[PDB]
Each structure stands twice: as structure tokens, then as C-alpha cells.
Ligand code: CLA
Ligand code: CLA
Ligand code: CLA
Ligand code: CLA
Ligand SMILES: CC1=C(/C=C/C(C)=C/C=C/C(C)=C/C=C/C=C(C)/C=C/C=C(C)/C=C/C2=C(C)CCCC2(C)C)C(C)(C)CCC1
Ligand SMILES: CC1=C(/C=C/C(C)=C/C=C/C(C)=C/C=C/C=C(C)/C=C/C=C(C)/C=C/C2=C(C)CCCC2(C)C)C(C)(C)CCC1
Ligand SMILES: CC1=CCCC(C)(C)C1/C=C/C(C)=C/C=C/C(C)=C/C=C/C=C(C)/C=C/C=C(C)/C=C/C1=C(C)CCCC1(C)C
Ligand SMILES: CC1=CCCC(C)(C)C1/C=C/C(C)=C/C=C/C(C)=C/C=C/C=C(C)/C=C/C=C(C)/C=C/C1=C(C)CCCC1(C)C
Ligand code: OEX
Ligand SMILES: [Cl-]
Ligand SMILES: [Cl-]
Ligand SMILES: [Fe+2]
């Protein structure tokens, strides 16, 4: 009965993990074991994807979410995103899965056999939630680990073979990055960009030099904040502003993770740089633009003067002006004129789409990419019938972009709910009314009537 | 009365449904009603 | 003390007839701007080109609407997700044509209602209460975020946000059914169980507590006067309500613990409405309802229609008529 | 040696499958904390060595 | 003790499942409605009535199986098994739709039985019968939608079929033919259902977040004894919170739980009135003033007119297959459609 | 495809990624073992 | 309180219970299987098999169009299948 | 006339809100 | 083939309940 029942710990079975709040050794096991599960999943899932992978189909026709992450880092892939060597996928798969077993072993050791509490076995690993100096010290160590990790991506991009660059000429290619962007006017400009249409905040990053440079800054920022925190203790103002409990720190991180899940949702939906459409399928905007392109191409091939064709509304049937005057594709897709992609930018001139380039310079690879993307638009049914809601069964397809966006919205939403739950409860518990109102001193009863 | 511990019967029962349901989801892709 | 501490103490005063609080400091001006703009546009705003095709829809009372048909009309498809403050228009006349009021209202409203949620937490802290009323409110708040913000994000235009109007709302639901088969989506089925079950359990609990009111009055006075505000004791016999309800079904389908009963009342609708809000929020990314079109075929391969195919004939009618002048190419991909 | 690689790989699988069930029972049975300390330690090295061995053999038949 | 009084004793015995006099109506009719639904969704077709598969046997899943309405050509026939249409042939009864009337009518009588049960148990236990009175709203819905509405139409065909997606079809039929969303009686119903769900959630969360500290555990559910005298939460602090948050609050616990009864019960009753109207096609379909203007002014457009264009789509695109007995043949060229789609 | 060497492990690989859900299911088996103390 | 019956926690954990129901439950399952595998469900309920929805070259549906000639209409349509 | 009517009724409701809040029956603890 | 799949997941899945089962016999520390 070392905690472990409701009479001694105060929490019922359905809130049993709250029994671990002041048992630092068992809590360590829970985390390591759970890290075990994450690394396990990364391993098992990748091997599933490899076992099901057919290199002649697009990745996005085959339900793959993790192999596209590996390809974007420049392994297993060549010009145009063609898979040239599946062996690196196998390696990522096996190495995580193996590692999951030592993590697994370490977690189940700490949760069962190890000391329930660390604070007497060693003064370094044991911790009290209320120790403000020890908490920022742990924070600081993890900050450094994170900074290291950011610099691993930099290492891969500059020294260990580069990254997949969808904007690389000749249809994309792996490419080593040698001029990362360090100018903080760019790096931090992204952060001051509006999140609205045509600007897109950090989701608008559209080249790998900016991406690699951002990860140099972030790695150095994290390493330096680690040192900062390892060495400092919180100032008076910060001490008065926050709740210092184990549950409050949880709520702060549920907050952070929520925000991050929402950002990942928009990254995977709009960004075709660090989520190459070669791998993930086209963006919603992209598929919609590709359809306008397709039928422009067809009708122009038949003799339509696409620039002077007035549609039913009076607006151009193929081409019209954005509200700042840029030449853009007409139709409903007028909402998507912010889209940028390597298959489309060759037709772009200073005033938008260039009609001479449209009349003369459209290559078959563009017509092919536009037809491919328009028929792999990220629309489909929960049971993976591809196309619009009224389509008949036949095509078995749902875009990785849909799966990844929907899944991380849900998850971000519930981690916001978690934040509020645990934040409010941490406040209540710190003021000492989390179990209800004291009948003998009900605060409202000492207050003047509102009227 | 109480010779077979309850937790055991729970797991048995559960793994029992899981199987039947799993089969119904299999059948959504095989044979009648699979669009094929 | 000094000026800033006086202000702080007033802001957080539990003696104000309406609680202000720090969340209230943002909530009050954003809700006032949203309300004032909404009331004026609903009465007097001129027609708005919602779909960006120079085909303005009239939404205000003075331009020929009634209470049922009127709305504040979503901003132009030509704008998409671009930010369209008043100061970005060359004139108020341009702003009204392109639907600027809609953006102003929804943004101030989403912000105010978010702070309304935070304000519920804030007062519960100042009163010594447990803090999770605001969690319950998160289900309606998330619903609002979905139809006014998330769904426009995924689809690329505030022109596809929900209109601020009675008929506008119907418009939005019909088009949604054709574009996403929301009726066949499990999360909206969860939402319907959420709200039907909320109503059912609402009526159940009201009827059961009302049935076990303790005789404290005569037949010529409202039973309601048998309860006095702040009275020590309970005014109903919960043992009796369980005795009734436990027999109506069976003894353990019934709740004898008040706390467990009321937690169930909170959780059922809240969870269900979380799911339907998540349903709009993920159909925003075109993960749509189940598709069983032509899912049954005979030995030869003729299609043998089911009820899902009849639904699809309806969807198709909605699809091909909506925004009848807005599509030039054969797929409606957003 | 196509046959000795498949050998070691099942040696890995059967040994994992063993130790998966065995380490948690060993750990929470109070009787033989000592009768089993040796056990799990040997499986551990066995497992690890097996992974290395499968790891090198892969490159003779991959 | 007469035989009647002896049978009374045995029916009102305190057992795990109370029977009562009401039970003699309730248990057979409910079992058979239930059973007939399961039997029909598992094994029975709608091929001869509707041109549709409708059972697990045919390959339908849980969302698309239905016990479907009988063919339009049966009119409002009771479709008794020993009646003139089936002539006692069970197999033909199923094929002609008899399970739909079987379910409809045994459920009607089972709902009666359930309400009488609420009355019977309330009387013996000694509580007021407000729950039975509340169940009047489900009965109004069931009778209005499943019985009255088809009796006003041409036949039982146009009632709702008993299935998940069959009911969805019914919703959309009601939008496209009746413009049911525009009906103020449905709108009051929506308000009572949504406000009922709102009352449900806000009363539950309020009680859970004004609890008194009555034990020392973090699980607050154990600090409640059903025999205690005391309110387990604070009406006074609840009232202050809501007065300051929303401006008003309940102060009377009895009025509050009576209001929880009233709101959803009154909503469902209003919606039922509207459906009785639609039994006669007495719809709130149009606004004449909008139509007079729109016809004369081709630049006048509202969400009202947009929604009618959608209704026009639903009717023409869905009617031939949804009402096969009409033999509707719509050439491609007559089908209303906008540009491109 | 996996490397042809590991092809015999294709059906074990097809079931591996569902394993993390069994941990959640195994925790409930465990509390039923201890009667949800 | 206790209405007097035997507790369920008590019955299902009892061996006598499982002696009886280790047989009956599977037996009912197999009855139901048989019900469909014998094709018997089709003839009881009149449900078309996959080959009996249409005649080989017909595309119209055997919709009942008369109230009282109705049972005859179905029979005559079942003959045009052979 | 119809516009005036809808606005009048809406305006009365807003005035009702004001009195129902600020001029309510005050709750007291009997 | 798919029996291989099912025999694998039959064994994996019983693995869990067994640990619980073993530790219960040994009056383990559940
Ligand atoms: C996991 C990441 C993490 C976390 C949890 C913390 C947590 C903490 N830090 Mg550390 N910090 C980090 C990373 C982190 N830091 C890194 C990487 C650096 C290097 C830059 C620092 C540098 C740093 C300094 C220099 C200080 C802290 C301090 C603190 C404490 C107060 C935090 C606070 O008030 O929040 C934020 C709360 C506020 C009220 C700030 C309000 C400002 C606005 C509202 C927010 C936006 C500011 C942002 C910088 C710019 C906006 C970007 C925009 C363009 C999108 C807290 C323990 C403080 C402390 O006590 O020192 C020991 C302190 O002085 N940290
Ligand atoms: C990621 C999921 C996760 C993790 C890591 C934990 C971890 C933990 N929980 Mg929580 N728990 C969870 C989910 C989780 N739980 C869920 C979903 C519920 C709700 C049903 C609970 C309910 C709950 C309660 C009610 C309690 C805990 C407690 C504990 C701790 C001690 C448990 C104990 O004594 O085990 C004893 C159990 C056994 C010895 C049975 C065997 C368990 C082992 C770990 C099986 C491992 C199998 C694996 C395949 C090993 C082989 C691989 C290896 C070679 C690497 C431990 C740190 C307890 C606590 O706080 O103690 C103070 C406690 O009382 N938890
Ligand atoms: C965050 C992870 C973490 C933390 C903080 C601890 C902390 C602790 N463990 Mg645990 N443990 C873990 C993970 C963790 N362990 C894992 C994964 C395993 C399985 C391998 C174990 C297995 C384990 C056992 C079996 C025992 C401990 C013991 C201890 C205690 C002493 C260990 C010590 O001082 O090592 C000394 C540290 C070193 C010699 C430094 C080298 C350690 C490695 C090689 C560092 C490599 C870091 C790596 C490069 C970073 C990447 C890691 C990965 C994420 C990629 C201490 C309380 C002991 C205990 O409690 O005794 C009573 C004990 O007997 N642990
Ligand atoms: C509570 C019990 C109950 C009730 C109310 C009903 C009601 C109904 N059933 Mg169901 N049914 C039941 C139990 C019940 N059933 C059971 C147990 C079974 C299994 C056998 C069935 C099987 C069944 C089938 C298979 C069918 C029905 C059908 C019907 C409908 C027509 C009934 C009819 O015409 O009766 C006519 C008979 C009576 C009304 C009985 C009258 C009794 C006497 C003779 C009255 C005269 C008394 C005398 C003059 C005075 C004596 C005084 C007294 C003191 C002695 C009706 C909805 C039909 C249906 O749904 O079709 C659409 C149908 O086909 N039922
Ligand atoms: C604590 C606890 C818990 C949890 C636990 C956990 C979470 C665990 C973890 C664990 C883990 C996480 C583990 C891991 C393991 C792993 C393994 C054991 C693996 C191995 C591998 C192998 C054997 C491999 C092989 C191979 C290769 C190499 C290639 C290909 C083929 C194959 C795949 C076969 C619970 C809640 C229940 C309860 C209470 C307490
Ligand atoms: C990598 C990369 C990059 C970069 C990045 C960066 C550089 C970033 C940064 C970031 C940052 C720089 C961040 C920030 C953050 C912040 C935050 C998020 C804040 C928060 C705060 C709070 C939460 C507070 C609260 C409060 C108040 C207000 C009052 C009192 C109380 C409290 C304290 C609660 C780029 C884009 C270029 C590109 C791509 C990649
Ligand atoms: C799907 C799911 C998700 C959550 C977890 C859970 C494990 C619960 C779960 C499992 C659910 C499953 C698959 C449920 C399946 C249950 C089934 C199909 C129930 C079947 C019961 C059928 C019954 C009685 C049928 C009785 C029929 C009767 C008397 C027939 C009466 C008669 C009729 C109809 C016509 C005339 C003759 C006669 C006798 C009068
Ligand atoms: C008990 C109870 C109480 C309330 C009612 C309820 C019905 C819910 C109920 C029922 C519970 C039920 C049905 C739960 C089922 C629990 C079961 C099936 C859990 C199974 C757990 C199994 C686990 C982890 C196995 C993990 C195995 C591992 C690492 C595999 C590692 C391996 C790998 C990765 C490569 C090959 C070698 C090897 C060793 C196989
Ligand atoms: O705007 Mn409103 O609605 Ca969503 O899809 Mn495309 O866009 Mn328009 O069409 Mn169908
Ligand atoms: Cl429309
Ligand atoms: Cl278009
Ligand atoms: Fe209540």
C-alpha cells in the first residue's frame, strides 16, 4: 500500500497516475516507459510502411506519413522525389524499434523495482516540484538537448548530404545547403509576419536556406537558455506570477503542445517546402490551382484565347486580377492565388501569371504535374473513398495532408482542454479549495450582497 | 459461487467482442458490400 | 496604496455587480465592437459580394430582408483569408461591398468569447470555487471557432464561414452536407447523441427532482415557494427519486450519488459537442463522412442502391445548384 | 550464410518474446529477486549480442 | 382475496425488474418492435417496395440497413399478416413491408405501456408523476412523425424508414420538399433541444464546481451520502457566480429543475405541431414579398432565394430514385444545374 | 517491401504497430486484477 | 437493497454457470451461422441472393404497383428470373 | 413599416435585459 | 498467411494478460 490505493493516496483508480506526483522514481519509469512507446511506434510503423511500400506509386497514394518525413531529410530519394534506395527507411525503422526495448527496459525497471522516490538515493536526480532552482536546472538541461537536436538538422543539411529541395531545378533533388540564412531580419521577420492570407506567418517559409538558418538560431538560442537557466533562479516578478507545483508545470506544457499542434496542422496543410507535394500530395490550394491550369491548357490547345475569355459572371474564365491587381487563375480558385509551387512559378512574371509564357512556354511536365495534382486533391471519405463527397467508390485515397492535419487538430484541441483543466485545478489546489468549498467559511457568505 | 475470478471473465469476454467486431470491419472490405 | 493597485483591486473586485477581471478588460471592448457593428450591419449594410463574382447578396433589413432572411454576409471570396480591416479599403463603400463587417465582427467576437471563457475561470478562482465551468463552456466556444475560423482556414476563404443570419445558417448546413456528407460522419452523429441526450437527460433530471419535491406548500401556492434561497437542507427526496427511477428501469441503471449524477449531466453534452465541433474542424481538412455510394452490387455487378445512394442523390442536387454562377471547372475542390 | 542469419533473428525474436513476459514477473515477484537477478542479466547480454550479430549478418545477405 | 387482488399482488412484487399491470402492454410490444427491427435490418430487403438493399444479409452495414416503409401502392393499409395483401404468407408480408407497420404499431403501444409504467411506479412509490408527464413529448414526436405525417400523405411510403441513413434521407427530403428549416415550429423545437442540452451541461458543471468539501479526498464523489440532509453544493455561491458572469442566475432550486423539464418537453411538442402541418403540405415554404420582388428584380438575392435554389436541386436530383413508383424520367437537359457542376 | 531476407517476418510486421494500444488495454486488465483499488 | 435474486458477479464467476454456457452460447452461434450458411434465411424472409435481384438483361426494378394484386405481382416477378 | 417593427421589438428586448439584471428581485438568504 | 498474422497477434495479445496472471499466482506485487 505504498500509495497505490484510494485510501492512502486520495485519488481514485481512474485518476491513479495522480498517485505518482510525489514519487519521483516511479514517475521517471512512467515517462521512460512512455518514451519507450513513442520510439516503438516510430519503429514499428516505419517497417509497416516499408513492408507496404511500392516504389512505382506516389507515396501519397499509399497512406504513408513517416517515410515522407525520411525522404524530406534526403535519404532514399533522387531527382523528382524518385525512391532510389529503400535501405535507409529500413534502418530508421529498426533502430528506433530496437532502442524502444532499452527505453522499455529502463522504464519498467524504474516503475516497479527501482526506488519509488529518488531523493535519498542521490541528491542530483531527486527533485521537489517546489525547488525553483532544481526545476529550472532540469529545464535548462532539456533546453540544451533540444538545441543540440536543432543543430543535428543543420548538420544533416550542410555536412551529411543535404535535404530534399522541391524548389531545386529539374523537378527537385536532394541538395546540400551551404549558405544558410543568418540575417535575423529574415529569420525573425517570419515571426512578425501576419498569420493571414498572403503572409502566413512562419508557415510561409519557402526555401531551405531559411529553414536551415532558422535551426541554427534556434539551436543556439536553446543551448544558451539552457545555460541561463541552469545557472539562474527565477526573479521576483516571475515568482509572483506563476504557480509552482507539479500540476501547474504540466498545464504550462499542455498549453505549449496545444499551440504547437495547431501550428503543425497549418504547416502540413499549406506548406509545400518542408512537406514536399512529391511526397505528401498536393496542398488543397495547389490541387485547386492545378485544375484551373489543366483546363486552361486544354482549351488553349483547342484555340481559346484564354486571356480575353469572359466567363458568365463578367470575370475572366481562366485569368482575372487579384484585388491588388496580380494576374491569377479565375473561378472559385481566386481564393487560392497566394499558392506558390515549383510547377507554376515558371509562368509567373512581375504582374502575376504572364500571358506570353502561358501562350508559349508550358512544358509537358507542367501539364502532367497539374493533371496529377488536380486528381490527387486532398478530398476523401473517412473510409478512404477519394474525391468529393458525391463521388462513387473506385479510388482508394485520402491525402496524407488530410490525415496529418485532421489528426493534429483533434490532438491540439484536447491538449488545450487539458491545459484549462490542469491549469485551473493547479490554481485551486495551490489556494487550497480544489476539493470544494469550506462550509464553515464559505467566502461568498462574507461578501456584501450585489444588490 | 465465485470460483472463476471476475477480472478473468472480463478479459475473456472483451477479447470475445473485439474478435466479432474486427470481423465485421473485415467484412466491410470483403465480399458483399465492399464495392468490389 | 498607489494608483495601479487601486485599479487592479477594482478590476478584480468581487463586489462589482458584473465581474470585470483581466480577461474582462479584453472581453468588454471586443464584444462591444462586435455587437455594435453587427446590429448596424444587420439593419442597414448594403449588399455584399460573398462569392467574389460581382453578384452581391442582400442581407440587411433595410435592403429587403426580414428577421429570418437577413444576415451579415461573409466577406468576398476574392479576399480569401486575407486580413481586411477597414483601413485596408480605399473607402467604407468598398469595405461594405466586399463584406468587411463580417471580418470585424467575427474576430472581435471570437476574441471576446475566448475571454468570456477565461473570465469564468477567473471569477471561480476569486470566489473559492472549483474551476471547470469554463471547461464546459469550451464545447460551445470550440463549435463557434469551427464554423467561423477553422472551416474558412481549411477551405481558404472566409467566404465559406458561416453567415451571421438565420437563413444564412441553413445555407451553410446544406452546402456542408453536399460537400462533406456530414450526416454520415461519426463525429456529428456523436454531436446529435450529445444534444438529444442532453435534452433527454435535462428533462429526466428536471422531472425526477420535481417529482420528489418535499410537500412544503398548499395547493393554492406555487410549489416553488417550498424552497428558500440559501436554505440548509435539500428540498427533494433523492432516495425517493432513485426508488422511482431504479424501479422504472432497474436499480443500478439509476444514480443514488448526487455528485456522480451531476457529473454525468455535465459530461454527456460537453463531450458530444466537443466531438461535433471536432467534426466540423476536421471536415475543414476534407476528411469527410463515410461514402457508401455504389457499395452494394449484385452477382453481375449492377448497382443495388441503398439508403446511402438516396442520400447521395440529394447531395448531388445541393452540389450542382449552390453558387450556381461561381464554378468554371468541373470539380468543386474547395 | 542465409540460414545462420535467420537462425539468429529468431533467437532474437524468441528471447524478446521470453524476456517480455519474464522481466516484469521477475521484477514484481518478491521471492526470487536473487534467483532471477542472474537470469535477466544474461538474457540482456544475450539480447544485445544477438542484435549485434543479426546486425552484422544483415550485411552478408542484405 | 379475489383472484384479481391475488394477480395484483404478484404483478406489483418488488423484483429486479418490476412488471405491473402496465407490463402486460409494455413488455410484449417493446420486445416485438425491438425484435422486428433487429430481424428486419438483419435479414429483410426493401427491393420490392423501394428498389433498395436494406439488411446485413444483403451487404448493408449498420448505417445503411433499414426496415423500410411499404410501397406507396399499399396506401395506409395496416398490412396485417392475415390481411388481404399478404393473406397470411409471412415471406410475402416481409417483402411487402409488413415489418414496418409491425414495428410502428407495436412501438406505439409499447410507448403507451412505458408511460403507464411511469404512472404505475410513481403511484406505488408515492412521488408526483412529472416524469410521466415529461415522456409526453417523445410520444408527441413519435405519433406526429411516424403516424400522422404519413396518414396525411399518399401512404406509409413517405413516413420515415427505421434506419440510420434512412432517417438522414428523411431530413433531406424535409429540407427539399417542405423547406422545414424555415418553419417556426421546428425552430422552437431546435431551441428547446439545444437549450435543453445547454441546461443539462451548465447545471451539471455548476453543481460539480460549487461542491462543499465534505470529505478529504481528491475524488469528490465519495463525499456524498444519499440519506444526508444537507445540499451537497452551494446555491448561494452558484447564484453569485452566475449573477456576476451572466447578469442573472437561478435562486430557486425547484424552479430550476422545473425549468429543466419544461424547456426540452415544450420544444419537442412545438416541433410536433409543425409536422402535423407538413402532413398536409401546409409548409412555411416561401415569403411572398421576397418572391414578388425577386421575380421582378433580377438583382435581388438573399440567403432565402439561394436556399430555394438548393431545394430545387434536391427535388429534381433525388425524386426519380426516391419515389420510384412515380416512374419519373428527367432527361439530362431538364435537370437544374449551375455552371460547370 | 522489406528486404527479401526479412520477408518471413511480414505478418509479424503487419501487427507490430497496434501493439502500443495493448498497453492501454493491459492497464485495465491490471486494475481489474487489483479490483480498482 | 436486495430484491432477493442471485447476484450476477456470483453467477458468472460460478463454474456451474460456465459448464452450462460453454455449450449453449457457441451452439446458438452455430445455429445462426447455419441459418445463413444453409441459405435458409433467404427463403424464410424473401431476401434476394446476389444472383436474383435482376433478370439477366433487365435493368428495371420489380416494384410492387398494386395493393391487392401485390402478393401475385411478386410471384410473377420471381418467375421471370428463370 | 416592417423594418421599424422588427427594430422596435429588438429594442424592447435589450431594455428588458437591462431591467432584468439591474432591477431584479434581489436574492436574499431567508 | 493471414493465419500467420492472426497467430502472431494471438500470441502477442495473450502475452499481456499472462503477466498479470503469473504475478497473481505468485502473490506478486500487482
Ligand atoms: C521550454 C522553454 C522555456 C521555458 C518553459 C522557460 C521558462 C522560463 N523562463 Mg526561460 N528561456 C528559454 C526557454 C524557456 N524558458 C530560452 C530558450 C531562453 C533564451 C532566450 C530563455 C531566456 C530566459 C530569460 C532571460 C528569462 C527566462 C525566464 C523564465 C521564467 C519566466 C518565463 C516567463 O515569464 O514566461 C513568459 C512570460 C511573460 C510574462 C513574458 C511576457 C512577454 C510577452 C507577453 C510574450 C512574448 C515575448 C517574446 C520573447 C517575443 C514574442 C515573439 C513573437 C514575435 C511571436 C520561466 C521559468 C525569466 C526568469 O525568471 O529568469 C531566470 C527570465 O528573466 N528565460
Ligand atoms: C503509458 C501508460 C502508463 C504508464 C507508463 C503508467 C505507469 C504507472 N502507473 Mg498508471 N495507469 C494508466 C497508464 C499508465 N500508467 C492508465 C491508462 C490507467 C487507468 C486504468 C492507470 C492507472 C493507474 C493506477 C490506478 C495506479 C497507476 C500506477 C502507476 C505506477 C506503478 C504501477 C505499478 O505498481 O504496477 C504494478 C503492476 C504490475 C507489476 C503488473 C505488470 C506491469 C508491467 C509494467 C508490465 C510490462 C509489460 C511489458 C511488455 C514488459 C516487457 C518489456 C521489457 C523487456 C522492456 C507506474 C509508474 C500506480 C501508482 O501510482 O502507484 C503508486 C497506481 O496505483 N496507474
Ligand atoms: C531520463 C532518463 C533517465 C534518468 C534521468 C535516469 C536516472 C537514474 N537511473 Mg535510470 N534508466 C534509464 C533512464 C534514466 N535513468 C534507461 C533508459 C534505462 C535502461 C537502460 C535505465 C536503467 C536503470 C537501472 C537498471 C538503474 C538505473 C538507475 C538510475 C539512477 C542512477 C543512474 C546513474 O547515475 O547513471 C550514471 C550515469 C552515467 C554513467 C552516464 C552515462 C549514461 C548514458 C550512457 C548517457 C548517454 C546519454 C545519451 C548520449 C543521450 C541520448 C539518450 C537517448 C534519448 C537517445 C538514477 C536515479 C540505477 C538505480 O536507480 O539504482 C538504485 C539502476 O540500478 N536506471
Ligand atoms: C400487449 C400485447 C399485444 C398487443 C397490444 C398487440 C397489438 C397488435 N399486434 Mg401483436 N403480438 C403480440 C402481442 C401484442 N400485439 C404477441 C405476444 C405476439 C406473438 C404471437 C404478437 C404477434 C403479432 C403479429 C404477428 C402481428 C401482430 C399485429 C398486431 C396489431 C393488430 C392486432 C389485431 O388486429 O388484433 C385483433 C385481435 C384482437 C384485437 C383481440 C381482441 C380480444 C377479444 C376477442 C375482444 C372481444 C372480447 C369480448 C367481445 C368481450 C369479453 C369481455 C372480457 C371480460 C372477457 C396490433 C398492433 C399485426 C401487425 O402488427 O400487423 C401490422 C400482426 O401481423 N402481433
Ligand atoms: C509501466 C506500466 C505500464 C506500461 C508499460 C510500458 C509502456 C511498457 C513499455 C515497453 C516497451 C516500449 C517495450 C519494448 C520492447 C521492444 C522489443 C521487445 C523489440 C524488439 C525488437 C526486435 C525483436 C526486432 C527484430 C526484428 C528485426 C531486427 C528486423 C525486422 C524483423 C524484426 C522486427 C522481427 C502499464 C501501463 C502497462 C501498467 C502499469 C505500469
Ligand atoms: C526554426 C525555423 C525558423 C525560426 C524560428 C524562430 C526563430 C522562432 C522563435 C520562436 C520564439 C521567439 C518564440 C516565442 C514564444 C513566446 C511565447 C509563446 C510567449 C508566451 C508567454 C506567455 C504564455 C505568458 C503568459 C502570462 C501572461 C501574459 C501574464 C502573466 C501570467 C502569464 C505568465 C501566464 C523559421 C521560422 C525562420 C524558419 C523555419 C524554421
Ligand atoms: C457494436 C458494439 C460497440 C460497443 C460495444 C459493444 C460490444 C456493445 C458492441 C456490440 C454490439 C453488437 C454487435 C450487437 C449485436 C446485437 C444483435 C444483432 C442483436 C440481436 C437481437 C435480436 C433479437 C432479440 C431478435 C428477436 C426477434 C423477435 C422476438 C421476433 C419477433 C417476431 C417477428 C419480428 C415477426 C413475426 C414473428 C415474431 C416472433 C412475432
Ligand atoms: C479488464 C476489463 C475491465 C473493464 C472492462 C473491460 C471490458 C474493458 C476489460 C477488458 C479488457 C481487455 C479486453 C483488455 C485486453 C488486454 C490485452 C489483450 C492486452 C495485451 C497486452 C499485450 C502486450 C502489451 C504485448 C506486448 C508485446 C511486445 C512488447 C512485443 C514485442 C516483440 C516485438 C516488438 C518484435 C517481435 C518479438 C516481440 C517480443 C513479440
Ligand atoms: O463558396 Mn461557398 O462553397 Ca466550399 O466548395 Mn467551392 O467553395 Mn464555394 O463551392 Mn462549393
Ligand atoms: Cl449557395
Ligand atoms: Cl471553378
Ligand atoms: Fe440537479
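The chain as shown is numbered from 1 upward.
Looks like X-ray crystallography, 2.0 Å, at least that's what the header says.
Cβ from N, Cα, C; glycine included.
Feature annotations, reproduced from Swiss-Prot:
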type: MOD_RES; residues: D:1; note: N-formylmethionine
type: TOPO_DOM; residues: D:1-4; note: topological domain 'Lumenal'
type: TOPO_DOM; residues: D:26-36; note: topological domain 'Cytoplasmic'
type: TOPO_DOM; residues: D:59-62; note: topological domain 'Lumenal'
type: TRANSMEM; residues: D:5-25; note: transmembrane segment
type: TRANSMEM; residues: D:37-58; note: transmembrane segment
DSSP helix/strand/coil residue counts for the topological domain 'Cytoplasmic' (D:26-36): 3 helix, 0 strand, 8 coil
Neighbour tally for the residue listed as 'N-formylmethionine', based on other Cβ positions within 10 Å of its Cβ: 10
Helix, strand and coil counts within the topological domain 'Lumenal' (D:59-62) (DSSP): 3 helix, 0 strand, 1 coil
Beyond the flanks of the topological domain 'Lumenal' (D:1-4) by 6 or more, those residues with Cβ under 8 Å of it: 57, 60-61
Surrounding residues of the topological domain 'Lumenal' (D:59-62) on its own chain - C-beta under 8 Å, 6+ positions past either end: 1-2, 5
DSSP-assigned states of the topological domain 'Lumenal' (D:1-4) in counts, ordered helix, strand, coil: 3 helix, 0 strand, 1 coil
